[PDB]
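In structure tokens, one chain follows: the form deposited in one PDB entry.
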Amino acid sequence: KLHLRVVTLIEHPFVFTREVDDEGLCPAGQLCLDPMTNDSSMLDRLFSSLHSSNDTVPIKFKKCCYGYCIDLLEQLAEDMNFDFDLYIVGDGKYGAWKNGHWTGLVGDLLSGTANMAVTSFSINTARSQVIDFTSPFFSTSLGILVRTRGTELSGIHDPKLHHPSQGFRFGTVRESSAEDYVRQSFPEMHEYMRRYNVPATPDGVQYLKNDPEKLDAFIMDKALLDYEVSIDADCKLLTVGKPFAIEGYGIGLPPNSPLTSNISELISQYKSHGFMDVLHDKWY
């Protein structure tokens, strides 16, 4: 029985968090930590405490994690016969190459702080050079969220994005695969966006959707934007334009991990036996 430390990132509907219940448990999820650290020794120490009868973990660090990726992770743990500790990535980022290192989930895999990363994690070329990805369990285009009767765009090649009018505000999530795509394909656009990019997907959605409006368009994974559109009560949001930058979501492991093939096998079986469809129906 292997024991894996798993890093995740809260992104609806793939992973959500809520507080633990009265008896310190998670009847409909998995106990996780939200410790704001990338120090492997601190995590060891915290999970050691969490498992003991002398649990002195600050409550501010304890959460219940639930969602599509947590259901996936539980099934993998049962089929591969491993148990796991689960924590939320300290910097809240998926990961990018910045100032000579990798940040976010990619960084924790490369430092050995996490054994595996499970969330809506995009497989792209740059990350593929440094970490392993399993077979994908989901696929998504990038998308562009706007208000109804608001900004209209043809897709990522719209001149409004490339020769922006004064005060036209559009951004993406910092240190995501969407930022890496814009940075590598449209350097001048990437520069323009810097002042408008946001730390996390919910921030971009809030800035576009809520008043006072802070963004005119928000670019991020279409699967995530479509979820927000589907729960839009006032039906005042939409996604626009042609597809672009289609990527799979995969589980991340260190390069050349011996676990990758076994997890890929299971993901492929889950897909071919309708489990992905069940998870999609459950969470979307």
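So that the term is clear: the rigid core is the largest set of C-alpha atoms that superpose within 1.5 Å between two forms. Numbers for residues come from their place in the sequence shown, where the first is 1.
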{"item": "Segment of higher mean CA temperature factor, 88-96 or 142-150", "value": "142-150"}
{"item": "Stretch with the higher entry mean CA B-factor, where the candidates are 23-31 and 240-248", "value": "23-31"}
{"item": "Of the residues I156, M80, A178, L109, the one carrying the largest Cα B-factor as recorded", "value": "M80"}
{"item": "Deposited CA B-factor, highest of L225, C65, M36, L215", "value": "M36"}
{"item": "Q166, C-alpha B-factor rank within chain (lowest, middle or highest third)", "value": "highest"}
{"item": "Lowest, middle or highest third - CA B-factor, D211", "value": "middle"}
{"item": "Cα B factor band for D132 (lowest, middle or highest third within the chain)", "value": "lowest"}
{"item": "Relative C-alpha B-factor of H190, binned into the chain's lowest, middle or highest third", "value": "middle"}
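Although not depicted, the form deposited in another entry is the subject of the following passage.
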property: Core-aligned C-alpha movement of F133 between the shown form and the other one reaching 2 Å; result: no
property: Cα displacement of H101 between the shown form and the other one reaching 2 Å, rigid core superposed; result: yes
